[PDB]
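Reading through the structure tokens given below for one structure.
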Amino acid sequence: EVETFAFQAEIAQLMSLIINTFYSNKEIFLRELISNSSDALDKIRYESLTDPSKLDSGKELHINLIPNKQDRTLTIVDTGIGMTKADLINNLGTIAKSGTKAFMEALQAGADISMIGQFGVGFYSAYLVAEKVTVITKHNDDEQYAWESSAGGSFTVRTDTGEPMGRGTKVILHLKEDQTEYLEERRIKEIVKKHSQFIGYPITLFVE
Ligand SMILES: Oc1ccc(-c2ccnn2-c2ccccc2Cl)c(O)c1
């Protein structure tokens with residue numbers, strides 16, 4: 001059972017903008033994804049302070065970067081708050097309809113694509129390098145779900161019948177053929193050092 005949904009008009013627009021705008025500084029995608037993983041880890045950390053039973057799905061709060069040259073994928077895994085089916089469907093737990101306006105308005109007002117995060121829509125920068133994005137997620141108050149989109153104005157949601165995660169978000173980037181640099185160890189290492197050098201959680205770059 002696969003559910004297909006239309007993106008909200010503004011989000012669909014933002015996506016085609018990211019896919020069609022000639023913008024060479026694509027590496028900003030990683031900082032945006034790691035920053036979201038950090039935000040998700042801050043949410044579970046804060047919830048765990050009041051009630052410690054929130055960590056009964058995993059105590060480790062971390063970020064893993066998993067390149068795979070065989071499948072042409074870069075996976076960003078976090079052990080953060082995760083998303084419920086409703087969070088996942090609701091513009092991916094954000095005010096993305098509202099935030100898209102502010103960003104598209106700013107792009108006309110001098111600003112460039114690298115400022116996407118400042119409008120809370122940094123996730124869509126994944127489409128600067130990915131031809132398809134799969135988001136596997138698990139929240140404490142729901143089951144495991146897989147969200148997927150190759151853009152084109154729609155996304156799908158299904159329950160994931162794959163490997164249980166415990167809690168957190170797995171962002172699988174199915175990279176475009178000309179974007180395989182983001183699978184190279186030295187290239188990832190350089191991006192993390194340049195943009196994510198002060199994240200408050202361990203970032204592990206897996207080797208092949
Ligand atoms: O790449 C991602 C994308 C999304 C999430 C995520 C899980 C729970 N909330 N969110 C979320 C959603 C939209 C904006 C910011 C955040 Cl933190 C993540 O942890 C990594």
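Starting from 1, each residue takes its place in the sequence as its number. The figures here come from the full heavy-atom set of this structure, side chains too, leaving out hydrogens, waters and symmetry mates.
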Value rounded to 0.5 Å, distance of [atom1] in [X] from [atom2] in [Y]:
X	Y	atom1	atom2	result
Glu208	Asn68	CD	CG	5.5 Å
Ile28	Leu33	CD1	CG	9.0 Å
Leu65	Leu30	CG	CG	5.5 Å
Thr94	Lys97	OG1	NZ	13.5 Å
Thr79	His62	OG1	NE2	4.5 Å
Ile188	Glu181	CD1	CD	10.5 Å

Which is it for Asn140 and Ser57 under the side chain to side chain donor-acceptor pair (under 3.5 Å) test, yes or no, and what are the steps along the way? CA-CA 7 Å; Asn140 284 325; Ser57 45; 2.7 Å; yes

Might you point out which heavy atoms bring [X] and [Y] nearest each other, and give the distance in Å?
X	Y	value
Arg158	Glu1	CB-O, 3.5 Å
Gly82	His139	O-CD2, 3.3 Å
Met165	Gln144	N-OE1, 2.9 Å
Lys176	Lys26	NZ-NZ, 3.8 Å
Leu173	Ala126	CD2-CB, 3.7 Å
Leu41	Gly80	CD2-N, 3.5 Å

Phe29 vs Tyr182, ring-ring contact (aromatic ring centres under 6.0 Å, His included): CA-CA, chis, key distance, verdict: CA-CA 10 Å; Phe29 88 84; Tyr182 303 111; 5.1 Å; yes

Set out, in order, the CA-CA distance, both residues' side-chain angles and the distance that settles salt bridge (charged side-chain N to carboxylate O under 4.0 Å, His left out) for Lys101 and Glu105, then state yes or no. CA-CA 6 Å; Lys101 189 171 180 73; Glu105 281 182 343; 3.8 Å; yes

Got [X] and [Y] here, is their nearest side-chain heavy-atom distance under 4.5 Å?
X	Y	result
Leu14	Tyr124	yes
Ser114	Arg31	yes
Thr21	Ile113	yes
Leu55	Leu61	yes
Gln8	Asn91	yes
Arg45	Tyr201	yes
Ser150	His174	no
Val157	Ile89	yes

Charged N to carboxylate O below 4.0 Å: is that the case for [X] and [Y]?
X	Y	value
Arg72	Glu177	no
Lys194	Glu190	no
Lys85	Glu3	yes
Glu27	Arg187	yes

Step-by-step salt bridge (charged side-chain N to carboxylate O under 4.0 Å, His left out) determination, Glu184 to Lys189: CA-CA 9 Å; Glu184 284 148 33; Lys189 250 198 252 259; over 6 Å; no

Is it the case that the side chains of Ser37 and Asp78 hold a donor-acceptor pair, with the cut-off being a distance below 3.5 Å and no angle test? yes

Please say yes or no: joined through hydrophobic side-chain contacts below 4.5 Å, possibly via intermediate residues, are [X] and [Y] part of one cluster?
X	Y	result
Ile136	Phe5	no
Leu205	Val77	no
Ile95	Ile11	no
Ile203	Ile172	no

Under the side chain to side chain donor-acceptor pair (under 3.5 Å) rule, what do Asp51 and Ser53 come out as? Steps first, then yes or no, please. CA-CA 6 Å; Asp51 164 46; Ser53 80; 2.8 Å; yes

Let me see the working for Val133 and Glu148 under side-chain contact (heavy atoms from CB on, under 4.5 Å), right down to the final yes or no. CA-CA 6 Å; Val133 179; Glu148 184 162 82; over 6 Å; no

Verdict with reasoning, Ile34 to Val192, per side-chain contact (heavy atoms from CB on, under 4.5 Å): CA-CA 9 Å; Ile34 282 169; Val192 175; 4.1 Å; yes

Verify side-chain contact (heavy atoms from CB on, under 4.5 Å) between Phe206 and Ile66, making sure each step is shown before the conclusion. CA-CA 5 Å; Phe206 282 40; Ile66 323 169; 3.8 Å; yes

Test applied, side-chain contact (heavy atoms from CB on, under 4.5 Å); reference residue, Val135; option that passes from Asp160, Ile76, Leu88: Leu88

Would the number of heavy atoms belonging to other residues, nucleotides or ligands and lying under 6.0 Å from CD of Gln108 be above 12? no

Give a yes or no on whether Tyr46 atom OH has more than 12 heavy-atom contacts from other residues, nucleotides or ligands under 6.0 Å away. no

Passes side chain to side chain donor-acceptor pair (under 3.5 Å), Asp87 versus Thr84? Steps please. CA-CA 5 Å; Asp87 302 333; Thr84 60; 2.8 Å; yes

Is it the case that the side chain of [X] and the backbone of [Y] share a donor-acceptor pair, with hydrogens and angles ignored and the cut-off at 3.5 Å?
X	Y	value
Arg167	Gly58	yes
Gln179	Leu175	no
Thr50	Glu47	yes

Residue pair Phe103, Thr100: steps toward the side-chain contact (heavy atoms from CB on, under 4.5 Å) verdict: CA-CA 5 Å; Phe103 179 55; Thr100 290; 5.9 Å; no

Would you call the rings of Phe7 and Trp147 parallel, tilted or perpendicular if under 30° counts as parallel and over 60° as perpendicular? perpendicular

Would you sort out whether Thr137 and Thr169 count as a side chain to side chain donor-acceptor pair (under 3.5 Å), showing the intermediate values? CA-CA 4 Å; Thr137 200; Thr169 303; 3.0 Å; yes

